[PDB]
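Colleague: Structure for the following, please:
(3 chains)
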Amino acid sequence: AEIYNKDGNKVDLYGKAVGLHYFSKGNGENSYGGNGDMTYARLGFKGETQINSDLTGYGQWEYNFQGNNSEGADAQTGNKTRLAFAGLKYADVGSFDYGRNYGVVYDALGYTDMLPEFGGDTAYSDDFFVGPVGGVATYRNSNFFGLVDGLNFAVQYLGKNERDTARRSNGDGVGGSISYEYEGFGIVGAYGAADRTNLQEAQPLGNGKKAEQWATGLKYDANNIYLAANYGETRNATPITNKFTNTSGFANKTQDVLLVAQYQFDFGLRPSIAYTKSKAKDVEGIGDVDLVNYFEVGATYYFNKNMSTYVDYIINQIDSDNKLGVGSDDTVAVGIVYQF
Amino acid sequence: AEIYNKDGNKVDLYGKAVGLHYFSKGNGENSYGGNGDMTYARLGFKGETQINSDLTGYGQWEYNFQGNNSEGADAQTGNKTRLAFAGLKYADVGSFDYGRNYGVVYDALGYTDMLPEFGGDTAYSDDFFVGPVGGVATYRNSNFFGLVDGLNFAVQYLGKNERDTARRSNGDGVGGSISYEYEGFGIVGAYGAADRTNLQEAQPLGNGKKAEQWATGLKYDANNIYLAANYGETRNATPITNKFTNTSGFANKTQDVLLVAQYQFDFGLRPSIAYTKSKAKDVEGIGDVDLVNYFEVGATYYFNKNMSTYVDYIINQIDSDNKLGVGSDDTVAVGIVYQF
Amino acid sequence: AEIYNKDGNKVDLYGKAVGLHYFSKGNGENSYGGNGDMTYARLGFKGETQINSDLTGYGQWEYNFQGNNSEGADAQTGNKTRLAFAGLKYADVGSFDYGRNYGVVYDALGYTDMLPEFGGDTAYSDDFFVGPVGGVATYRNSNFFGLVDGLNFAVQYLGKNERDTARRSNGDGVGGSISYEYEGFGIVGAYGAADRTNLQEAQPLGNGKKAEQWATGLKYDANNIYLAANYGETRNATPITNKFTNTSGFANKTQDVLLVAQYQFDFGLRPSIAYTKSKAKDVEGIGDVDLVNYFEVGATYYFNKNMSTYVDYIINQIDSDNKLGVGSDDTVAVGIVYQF
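Modeller: Numbering: from 1, shown residues only, chains lettered A, B, ... in the order given. Below you will find the coordinate block:
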């Protein structure tokens, strides 16, 4: 909500309270999304200040507050800062920002990250260029310096992040994306490569000294219709765990496919139909293994711009004999969202 | 404070900074409330959006920020999300919400949870239906579908919560309350029963496979006068700890009594007089033991609706020979509260 | 930003998103400030309510959200409540507040805590009266009861804080400051002494049963010019660690000197030049050791009151043979700040 706007500075304080619950059989250990209370809330700010007609400064922070913890010991479980960055936009020259933000490859994966509760399986956090990552300096250009309507690009510099965990770490790397949008149509290509850390290399699964990720996207966005498709691959970037051996590391290679079709009815109902499949190749020991594989049927109903509810249903296609131990059961999410 | 209100949506951002300090002798280990700095702050939001004349959506989140930690390692100690839920209200049909909220039995205990700093000893957190609990779906009806002024009820469904701790866990259960309010008078009856988890059953104290809690309340609220009384009992629900053996579990049974009398002077002074007593029965090994037992004298002075100060004084009646080791010393709380 | 102001109560919700990065060679283990992503954000509130013409109530909370953590396990690292207190101001009688706030000696050290990213080396947190501390009751008088323009003082009572760590703990103590400001000039003298806890005394470094800290300040603040100087000493208060022995405790004695010169150009550029030096004396085993020692060259450029960027550069004078193991490398901070 725009709670402030004076002297060229306007702050928008925003957030939401999400009553959320997952239904899956058993202890949801073997299901797709788990089972039980998954309620949570968000709070963040987006500020923008007009330094002059061409120059704009801005910043943004968003935090995630789990609503399913006890006020006991586990109280902080799941809590985190999702985004935190500041930057400047200058006329038709482009924008630049730095801090915790979205890796460039997400410029592609964004296309299909549209399901009501699930979806976007490949956009992992603290995983190089696919989801939010800390320490990214991002330059973005729109309409090619104002000379080409619809042509945009971005280059992104990832600063080394040596965390206590191979999964949450990264070396330096560069990434970039180009996309073009012409009347309801949009196409994107994004790519990034980075160094792996000593610890990432000390892991049992995956072999290499460089991590890679690229994805292409295609979309048709107009007339209440949203159809999107993504395809990408990765090298030693996708984190995987052998539930049997309790071994961990990164997939040597993956080929990912995401499809999403949705329609927005005038009365507020947005039915969704999607398909996701990510398969690892050359996993040391297993060979080829599916990591994600399912159909999605779901629907969101918007009471208005502040209230909505939805049922997301995962028809898991992974089979009970999956070598990594990836879960094979279905999961049904039901939620009620208020937001401002 | 109502920081936003446009297009049928109004957000109220609220909070407070509480400078608080406890005075009790010794290391306050043997006192009622402890001793020392207990300063803390709250921040939360309450949103409400009119979907149409009969339909209302809403959500609420509140967080607790301890103000007595070091910015060092212990920095997060005590911090937590207290409430987080979203829901809808429809004409005279009733409201429904889900998320972290107040158990239904609190509809009763609320009556006496009115002391300046202490009080409400039996409304424990993450303890089934008595205080805030995660995963509760709540239906509330007012004025009996609009057919009976003053008659309200609620039914509440508790979703199983399997935490690492028997104290912060719960199985599925149902609860309900009915209350009636007629001109300054109000009476309530609330009740809930739930399954106990394996871990709750693996505990040394308390024996059963079902937890119970019910409380009745009576009040007179009018003419600057507030008098309230509560009585309730519980079965295997009240958490207790043997400080000697360092044993823990739940009381097999408790009988709780709460009394509160207060008066609001025109100039801002609200003196308080209360009495609390909770006694456990059949505790494995000890027999009958008092858990809480004291008199309360306190006063709050309101400078206005945003500023106030108060002195709460506990005249602990527990005696030094209490078998569980419950503290016997007095505690005096002094506070200064700013809020918006 | 002043998001609320009605009925004599005005709330100011404030904060900032700071994209920040440190450049230092090696793994920055041996540098002054470290190396890498240091992005973070702040969020806080300052409320003020006019109880009547002479009486004002107020409160303030500020939190620090690290923007360089993974949403993984380390997610909360660095997060903390910086300030949290409530109080009252009465006509020309003075103000009083309690909670987590700034120790009185900071009334002095504030003078030089003006560098773009570094500086203020001696104003340690949870370290008695020099930085923020929990449990402080503070009385402040301005213009000597309204009888002496420019003459102010404060007395501050520190409540014992027994934390799990000798570094984050403290016993009871009193502190006070007096300062005088006459047309661009200002002079301050501050002092505080407190009891040390058993644990603080159980430490390997430093010897005594009372902690002391005093600092004097001098400043010239006018005409786009800011020149400030501080000098102070301490007894068993300054925390130190022997990186070789991994031993810790407090310096028996320190003599601290801070100098800062800055100029604000009309177009937004504020160049900074500073010098800091803190040296420990009588450290058990080492003798005299420098703790901090460097020159600072830096500059801040204000695009406006909401946006700015800066480069802080530490020319570390500490030498590679420093007995405690204090780092000797340079550090360059670059930041981009949005704020409201």
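Colleague: Please, where are all the strands along the stretch 151-300 of chain A?
Modeller: Per DSSP state E, counting those that start in this stretch, the stretch 151-300 of chain A carries strands over the ranges A:151-158, A:173-182, A:185-195, A:210-222, A:225-235, A:239-242, A:247-250, A:253-263, A:269-283, A:287-302.
Colleague: In CSV, list those along with mean neighbour count and distance to chain B.
Modeller: Where C-beta positions appear, they are placed from N, C-alpha and C, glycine not excepted. Output for these, formatted as CSV (neighbours: other Cβ atoms under 10 Å in any protein chain shown; distance: least, Cβ to the nearest Cβ, whole Å):
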stretch, mean neighbour count, distance to chain B
strand A:151-158, 20, 29
strand A:173-182, 18, 29
strand A:185-195, 19, 30
strand A:210-222, 20, 25
strand A:225-235, 19, 24
strand A:239-242, 18, 21
strand A:247-250, 21, 22
strand A:253-263, 20, 22
strand A:269-283, 19, 14
strand A:287-302, 18, 10
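Colleague: Next, format the ones you listed as TSV and append distance to residue B:82.
Modeller: Shown next, in TSV, are the strands of the stretch 151-300 of chain A (distance: least, Cβ to Cβ, whole Å):
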stretch	distance to residue B:82
strand A:151-158	38
strand A:173-182	41
strand A:185-195	41
strand A:210-222	40
strand A:225-235	38
strand A:239-242	34
strand A:247-250	36
strand A:253-263	36
strand A:269-283	33
strand A:287-302	28
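Colleague: Spatially central residue for chain A, please.
Modeller: With distances taken as Cα atoms, centre = their mean, residue A:123 lies nearest the centre of chain A, 4.0 Å away.
Colleague: In contact with that one, which residues are there?
Modeller: Counting by Cβ atoms under 8 Å, 6 or more residues apart in numbering or on different chains, residue A:123 touches A:106, A:109, A:113, A:130, A:131.
Colleague: Secondary structure and distance to residue A:76 added to these, as TSV?
Modeller: Below are these laid out as TSV (DSSP: H, G, I helix; E, B strand; the rest coil; distance: Cβ to Cβ, whole Å):
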residue	secondary structure	distance to residue A:76
A:106	helix	26
A:109	helix	28
A:113	coil	26
A:130	coil	25
A:131	coil	21
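Colleague: Looking at these, which two lie furthest apart in space?
Modeller: The distance between the two most remote of the contacts of residue A:123 (Cβ to Cβ) is 10.6 Å, for A:113 and A:130.
Colleague: which neighbours do these two share?
Modeller: A:106, A:123.
Colleague: Please say which of these two ends up with more neighbours.
Modeller: residue A:130 (29 against 18; other Cβ atoms under 10 Å in any protein chain shown).
Colleague: check contacts around the more buried one.
Modeller: Going by Cβ under 8 Å, 6+ apart, residue A:130 touches A:103, A:105, A:106, A:109, A:122, A:123, A:124, A:213, A:237.
Colleague: and it, how far is that from chain C?
Modeller: According to Cβ to the nearest Cβ, to the nearest Å, residue A:130 stands 13 Å off from chain C.
Colleague: Pull up the gap between that residue and residue A:239, please.
Modeller: Separation of residue A:130 from residue A:239 (Cβ to Cβ, to the nearest Å): 11 Å.
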